[PDB]
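In what follows, a structure is listed as structure tokens, so that the remarks can point back to it.
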Amino acid sequence: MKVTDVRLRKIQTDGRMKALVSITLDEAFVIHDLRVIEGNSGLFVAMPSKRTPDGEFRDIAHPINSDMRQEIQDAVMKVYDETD
Amino acid sequence: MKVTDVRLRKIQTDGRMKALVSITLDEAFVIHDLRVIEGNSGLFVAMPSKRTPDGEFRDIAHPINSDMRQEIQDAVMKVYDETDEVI
């Protein structure tokens with residue numbers, strides 16, 4: 001439920017991919033390969049994702065509700081603004 | 001952190017990989033692509049693995065304490081052992 005740790009490195013880029021991010025949940029489980037993505041519509045945190053059995057991408061890790069999604073974004077963005 | 005939901009699909013191809021698995025943690029986060037794997041000393045649960053562009057693999061998500069590791073192994077194997085193909 002709680003994001004207890006956030007690790008990221010900012011990439012030097014004109015690319016939209018701005019950082020690779022790892023997060024820890026409740027000091028018990030880490031998820032790698034989150035991304036901070038910038039575009040003209042705003043910054044967001046993408047979950048790690050992969051191409052499925054055939055064709056499409058989906059999140060390998062996925063918060064179930066909006067509240068959890070916003071909490072991850074905020075936790076990650078705070079550290080992101082603190083970085084460099 | 002409780003593993004509250006487990007969703008399993010038995011893989012038909014008789015190899016190392018016995019099932020593909022999703023779990024829910026705390027009813028707050030779902031992790032896809034756990035794998036039931038036959039290792040040298042029995043079946044176990046492997047973590048979500050992603051192929052890198054050059055054909056290597058990255059372990060994407062994993063436990064960092066023994067309680068979490070054991071709860072995932074236990075909750076997943078429980079559901080696997082309920083499948084029709086296991087006796």
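Protein chains in written order, with PDB author numbering: chain B, 1 to 84; chain A, 1 to 87.
Idealized CB from N, CA, C, for every residue including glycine.
Residue state for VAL86 of chain A is assigned as coil, using DSSP reduced to three classes. Under the 8 Å criterion on CB atoms, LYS50 of chain A is classed as interfacial with respect to chain B. Rounded to the nearest whole angstrom, the CA to CA distance from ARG35 of chain B to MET47 of chain B is 7 Å. With 16 or more other Cβ atoms from the protein chains shown falling within 10 Å of its own Cβ, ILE60 of chain A counts as buried. The beta-carbon of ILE87 of chain A is placed no less than 8 Å from the nearest beta-carbon of chain B.
Counting C-beta pairs closer than 8 Å gives fewer than three between the segment 21-28 of chain B and the segment 2-15 of chain A, which falls short of the contact rule. The C-beta of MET17 of chain B comes no closer than 8 Å to any C-beta of chain A. A check of alpha carbon separations from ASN65 of chain B across A:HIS62, A:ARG16, A:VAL30, A:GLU71 identifies A:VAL30 as the nearest.
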